[PDB]
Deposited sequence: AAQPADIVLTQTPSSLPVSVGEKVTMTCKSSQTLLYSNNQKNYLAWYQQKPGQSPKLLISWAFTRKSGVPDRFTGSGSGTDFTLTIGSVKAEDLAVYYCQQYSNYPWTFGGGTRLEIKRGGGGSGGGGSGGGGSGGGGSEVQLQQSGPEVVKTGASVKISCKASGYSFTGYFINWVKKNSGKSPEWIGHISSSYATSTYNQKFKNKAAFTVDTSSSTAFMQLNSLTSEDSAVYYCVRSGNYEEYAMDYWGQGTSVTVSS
């Protein structure tokens, strides 16, 4: 019984004014609570216009270092919320909840709010239908083999899709079923670089692509996103 987890986000758009208290809901089709450690395997991500997503909260309520205490994650099991105490102008972005409890890792539909460690990805790719592309992801500022590289697909006006991830040290790849005959991961320990090859490219494969780091223990969730790589298929 390893069924895909669906995350339902409410509301999908939320008009706000500066200084307002706001609450967005994330509901799961499966419990995200792990009974061995009593941890909820749920994270929130913020993507401002023109920017790559950034981790706000992992573990249902643990904020990433530096994140304002006005952002509050709460809930348990299947029910989760994100509250902003007093919204700032800088908070105007899309907020995605995300689960890392079971494969495939999935994102919520997002809530649109309206009025050292580095991952360097290769440049934009403009290619034809039927062609292939090999996106590189150069890691710096940390021990490369201690971490996973996740790959994520992002379209305009759609929620992020977890393509899959690879263990850097053991070259162990896990794929979302949807991308099984689409994406292929490799790594190079020496150059601290991960690769994803996309083949049989159609218009549906045109999107922005991210490599994202995740770790172990307290750092289990995806934390640092790369800057992104645009692939356009003509």
Fill in the blank from the handout: Stretches of deposited sequence not represented by any CA atom are 1-2, 118-139, 259
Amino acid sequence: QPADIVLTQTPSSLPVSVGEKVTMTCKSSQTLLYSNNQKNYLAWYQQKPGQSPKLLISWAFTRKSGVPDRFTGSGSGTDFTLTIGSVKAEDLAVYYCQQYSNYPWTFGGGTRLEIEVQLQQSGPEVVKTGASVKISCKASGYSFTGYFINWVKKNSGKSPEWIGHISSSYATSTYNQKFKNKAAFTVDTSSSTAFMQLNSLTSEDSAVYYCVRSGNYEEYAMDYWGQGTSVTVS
From here on, numbers count along this sequence of modelled residues.
Problem - 37-45 set against 198-206, stretch whose average Cα temperature factor tops the other in the entry - result: 198-206
Exercise for the section: Using the B-factors recorded in the PDB entry, average over the C-alpha atoms of 89-97 and of 116-124, then report which stretch comes out higher. Expected result: 116-124
Practice task
Would you please rank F185 by its C-alpha temperature factor against the other modelled residues of its chain and give the third it falls in: lowest, middle or highest?
Solution key: highest
Practice task
Compare the C-alpha B factor of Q51 with those of the other modelled residues in its chain, then answer lowest, middle or highest third.
Solution key: middle
Fill in the blank from the handout: Entry-reported C-alpha B-factor of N155 relative to its chain, by third, is middle
Practice task
Ordered by C-alpha B-factor within the chain, which third holds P104? Give me lowest, middle or highest, please.
Solution key: lowest
Handout entry: Cα B factor band for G130 (lowest, middle or highest third within the chain)
Key = highest
